[PDB]
Amino acid sequence: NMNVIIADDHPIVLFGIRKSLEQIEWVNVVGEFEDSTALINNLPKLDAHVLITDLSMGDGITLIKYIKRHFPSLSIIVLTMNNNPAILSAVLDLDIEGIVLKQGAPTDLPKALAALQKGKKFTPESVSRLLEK
């Protein structure tokens with residue numbers, strides 16, 4: 001089974017991300033944080049496998065960059081509306097596990113977790129721009 005921490009400043013978004021993982025039997029939800037400070041302080045005392053999170057919780061890159069330095073066991077899925085590869089190229093340079101897009105994240109968010117379980121990244125369709133480059 002997998003142990004997922006959801007992290008976003010909107011409650012309904014947390015409700016959404018959670019309810020999309022509800023029907024999945026092999027996924028157990030272990031936390032719902034509405035600010036980085038709470039998440040950071042409960043990250044040592046939670047044994048978790050995946051952090052689903054938005055960038056806003058520039059500032060999100062710093063958060064991720066910190067979490068990578070001190071919690072490398074944990075893998076991170078990043079939600080984002082922006083498909084601007086300028087952003088998403090820099091996101092992948094941090095060496096995160098996956099990127100769902102908020103537009104139809106509910107659907108693809110299960111499939112990202114499934115890829116992560118098998119040691120496979122979830123890089124979306126717009127990677128063709130990074131591969132063209």
# chains A, B, ... in the order shown; residues from 1 in each chain; ligands from 1

call {"tool": "residues_around", "arguments": {"residues": "stretch 77-87 of chain A", "least_positions_apart": "6", "cutoff": "6 Å", "atoms": "only C-alpha atoms", "output": "tab-separated table (two decimals) with N, CA, C and O atoms, in the first residue's frame"}}
result
chain	number	residue	atom	x	y	z
A	52	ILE	N	1.48	14.85	-2.58
A	52	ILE	CA	0.75	15.59	-3.61
A	52	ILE	C	0.67	17.03	-3.14
A	52	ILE	O	0.28	17.29	-2.01
A	53	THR	N	1.04	17.97	-4.01
A	53	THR	CA	1.04	19.38	-3.64
A	53	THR	C	1.02	20.32	-4.84
A	53	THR	O	1.54	20.01	-5.91
A	54	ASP	N	0.41	21.49	-4.64
A	54	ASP	CA	0.49	22.60	-5.58
A	54	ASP	C	1.85	23.28	-5.40
A	54	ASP	O	2.57	22.97	-4.44
A	98	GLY	N	6.71	13.28	-10.27
A	98	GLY	CA	5.63	13.43	-11.25
A	98	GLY	C	4.99	14.80	-11.34
A	98	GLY	O	5.17	15.64	-10.46
A	99	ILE	N	4.25	15.02	-12.43
A	99	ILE	CA	3.51	16.27	-12.67
A	99	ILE	C	2.16	15.96	-13.32
A	99	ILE	O	2.10	15.70	-14.52
A	100	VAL	N	1.10	15.99	-12.53
A	100	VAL	CA	-0.26	16.07	-13.07
A	100	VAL	C	-0.56	17.53	-13.37
A	100	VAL	O	0.05	18.42	-12.77
A	101	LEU	N	-1.46	17.77	-14.31
A	101	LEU	CA	-1.97	19.12	-14.57
A	101	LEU	C	-3.34	19.22	-13.93
A	101	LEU	O	-4.17	18.31	-14.08
A	102	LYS	N	-3.58	20.32	-13.21
A	102	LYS	CA	-4.82	20.54	-12.46
A	102	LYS	C	-6.07	20.31	-13.31
A	102	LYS	O	-7.07	19.77	-12.82

call {"tool": "residues_around", "arguments": {"residues": "residue A:19", "least_positions_apart": "2", "cutoff": "12 Å", "atoms": "only C-alpha atoms", "output": "PyMOL selection string"}}
result
chain A and resi 6+12-17+21-24+27-29+106-107+109-110

call {"tool": "residues_around", "arguments": {"residues": "residue A:73", "least_positions_apart": "6", "cutoff": "12 Å", "atoms": "only C-alpha atoms", "output": "list in words"}}
result
residues 43, 44, 46, 47, 48, 49, 50, 51, 67, 96 and 97 of chain A

call {"tool": "residues_around", "arguments": {"residues": "residue A:68", "least_positions_apart": "4", "cutoff": "12 Å", "atoms": "only C-alpha atoms", "output": "ChimeraX atom specification"}}
result
/A:40,43,51,61-64,72-76,93-97

call {"tool": "select_by_dssp", "arguments": {"residues": "chain A", "states": "strand (DSSP E)", "output": "list in words"}}
result
residues 2, 3, 4, 5, 6, 7, 27, 28, 29, 30, 31, 32, 33, 50, 51, 52, 53, 54, 75, 76, 77, 78, 79, 80, 98, 99, 100 and 101 of chain A

call {"tool": "write_last_selection", "arguments": {"atoms": "N, CA and C atoms", "output": "PDB file, in the first residue's frame"}}
result
ATOM      1  N   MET A   2       0.266   2.376  -0.450  1.00  0.00           N
ATOM      2  CA  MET A   2       0.934   3.686  -0.447  1.00  0.00           C
ATOM      3  C   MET A   2       0.255   4.686   0.488  1.00  0.00           C
ATOM      4  N   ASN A   3       1.077   5.575   1.045  1.00  0.00           N
ATOM      5  CA  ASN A   3       0.691   6.511   2.092  1.00  0.00           C
ATOM      6  C   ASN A   3       0.932   7.916   1.561  1.00  0.00           C
ATOM      7  N   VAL A   4      -0.158   8.635   1.295  1.00  0.00           N
ATOM      8  CA  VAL A   4      -0.124   9.894   0.549  1.00  0.00           C
ATOM      9  C   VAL A   4      -0.454  11.074   1.460  1.00  0.00           C
ATOM     10  N   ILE A   5       0.396  12.104   1.420  1.00  0.00           N
ATOM     11  CA  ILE A   5       0.121  13.385   2.073  1.00  0.00           C
ATOM     12  C   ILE A   5      -0.333  14.381   1.010  1.00  0.00           C
ATOM     13  N   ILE A   6      -1.521  14.946   1.198  1.00  0.00           N
ATOM     14  CA  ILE A   6      -2.036  16.003   0.331  1.00  0.00           C
ATOM     15  C   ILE A   6      -1.693  17.335   1.003  1.00  0.00           C
ATOM     16  N   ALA A   7      -1.395  18.362   0.208  1.00  0.00           N
ATOM     17  CA  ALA A   7      -0.968  19.659   0.745  1.00  0.00           C
ATOM     18  C   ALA A   7      -1.364  20.844  -0.151  1.00  0.00           C
ATOM     19  N   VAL A  27      -4.247   2.740  -1.855  1.00  0.00           N
ATOM     20  CA  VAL A  27      -3.830   4.081  -1.412  1.00  0.00           C
ATOM     21  C   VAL A  27      -4.504   4.439  -0.082  1.00  0.00           C
ATOM     22  N   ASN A  28      -3.686   4.749   0.929  1.00  0.00           N
ATOM     23  CA  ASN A  28      -4.154   5.222   2.238  1.00  0.00           C
ATOM     24  C   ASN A  28      -3.739   6.683   2.426  1.00  0.00           C
ATOM     25  N   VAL A  29      -4.679   7.536   2.841  1.00  0.00           N
ATOM     26  CA  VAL A  29      -4.420   8.978   2.999  1.00  0.00           C
ATOM     27  C   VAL A  29      -3.988   9.266   4.440  1.00  0.00           C
ATOM     28  N   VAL A  30      -2.808   9.868   4.607  1.00  0.00           N
ATOM     29  CA  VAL A  30      -2.178  10.022   5.931  1.00  0.00           C
ATOM     30  C   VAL A  30      -1.992  11.473   6.409  1.00  0.00           C
ATOM     31  N   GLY A  31      -2.578  12.445   5.711  1.00  0.00           N
ATOM     32  CA  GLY A  31      -2.449  13.849   6.115  1.00  0.00           C
ATOM     33  C   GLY A  31      -2.968  14.853   5.101  1.00  0.00           C
ATOM     34  N   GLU A  32      -3.526  15.951   5.607  1.00  0.00           N
ATOM     35  CA  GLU A  32      -4.036  17.042   4.779  1.00  0.00           C
ATOM     36  C   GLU A  32      -3.637  18.375   5.391  1.00  0.00           C
ATOM     37  N   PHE A  33      -2.595  18.981   4.829  1.00  0.00           N
ATOM     38  CA  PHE A  33      -2.004  20.203   5.364  1.00  0.00           C
ATOM     39  C   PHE A  33      -2.375  21.418   4.517  1.00  0.00           C
ATOM     40  N   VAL A  50       4.363   9.509  -0.653  1.00  0.00           N
ATOM     41  CA  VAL A  50       4.104  10.533  -1.677  1.00  0.00           C
ATOM     42  C   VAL A  50       3.497  11.815  -1.090  1.00  0.00           C
ATOM     43  N   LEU A  51       4.029  12.960  -1.530  1.00  0.00           N
ATOM     44  CA  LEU A  51       3.450  14.283  -1.261  1.00  0.00           C
ATOM     45  C   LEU A  51       2.809  14.840  -2.534  1.00  0.00           C
ATOM     46  N   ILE A  52       1.481  14.846  -2.583  1.00  0.00           N
ATOM     47  CA  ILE A  52       0.749  15.587  -3.612  1.00  0.00           C
ATOM     48  C   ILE A  52       0.673  17.033  -3.144  1.00  0.00           C
ATOM     49  N   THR A  53       1.039  17.970  -4.013  1.00  0.00           N
ATOM     50  CA  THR A  53       1.036  19.382  -3.643  1.00  0.00           C
ATOM     51  C   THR A  53       1.017  20.323  -4.843  1.00  0.00           C
ATOM     52  N   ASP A  54       0.412  21.490  -4.637  1.00  0.00           N
ATOM     53  CA  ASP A  54       0.487  22.601  -5.577  1.00  0.00           C
ATOM     54  C   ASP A  54       1.853  23.276  -5.398  1.00  0.00           C
ATOM     55  N   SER A  75       8.681  11.092  -2.139  1.00  0.00           N
ATOM     56  CA  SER A  75       8.573  11.537  -3.527  1.00  0.00           C
ATOM     57  C   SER A  75       7.432  12.548  -3.638  1.00  0.00           C
ATOM     58  N   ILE A  76       7.489  13.407  -4.658  1.00  0.00           N
ATOM     59  CA  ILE A  76       6.570  14.550  -4.777  1.00  0.00           C
ATOM     60  C   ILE A  76       5.860  14.576  -6.135  1.00  0.00           C
ATOM     61  N   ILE A  77       4.528  14.647  -6.107  1.00  0.00           N
ATOM     62  CA  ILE A  77       3.724  14.956  -7.293  1.00  0.00           C
ATOM     63  C   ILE A  77       3.350  16.437  -7.220  1.00  0.00           C
ATOM     64  N   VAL A  78       3.551  17.157  -8.324  1.00  0.00           N
ATOM     65  CA  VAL A  78       3.293  18.594  -8.395  1.00  0.00           C
ATOM     66  C   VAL A  78       2.090  18.879  -9.292  1.00  0.00           C
ATOM     67  N   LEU A  79       1.056  19.488  -8.719  1.00  0.00           N
ATOM     68  CA  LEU A  79      -0.081  19.978  -9.492  1.00  0.00           C
ATOM     69  C   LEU A  79       0.221  21.387  -9.994  1.00  0.00           C
ATOM     70  N   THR A  80      -0.273  21.701 -11.190  1.00  0.00           N
ATOM     71  CA  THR A  80      -0.013  22.992 -11.829  1.00  0.00           C
ATOM     72  C   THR A  80      -0.941  23.208 -13.027  1.00  0.00           C
ATOM     73  N   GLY A  98       6.715  13.280 -10.273  1.00  0.00           N
ATOM     74  CA  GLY A  98       5.629  13.427 -11.252  1.00  0.00           C
ATOM     75  C   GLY A  98       4.987  14.800 -11.338  1.00  0.00           C
ATOM     76  N   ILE A  99       4.255  15.023 -12.432  1.00  0.00           N
ATOM     77  CA  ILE A  99       3.513  16.267 -12.667  1.00  0.00           C
ATOM     78  C   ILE A  99       2.164  15.965 -13.321  1.00  0.00           C
ATOM     79  N   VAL A 100       1.096  15.990 -12.529  1.00  0.00           N
ATOM     80  CA  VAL A 100      -0.262  16.067 -13.074  1.00  0.00           C
ATOM     81  C   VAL A 100      -0.556  17.530 -13.369  1.00  0.00           C
ATOM     82  N   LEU A 101      -1.460  17.773 -14.311  1.00  0.00           N
ATOM     83  CA  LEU A 101      -1.968  19.116 -14.572  1.00  0.00           C
ATOM     84  C   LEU A 101      -3.342  19.220 -13.928  1.00  0.00           C
TER      85      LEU A 101
END
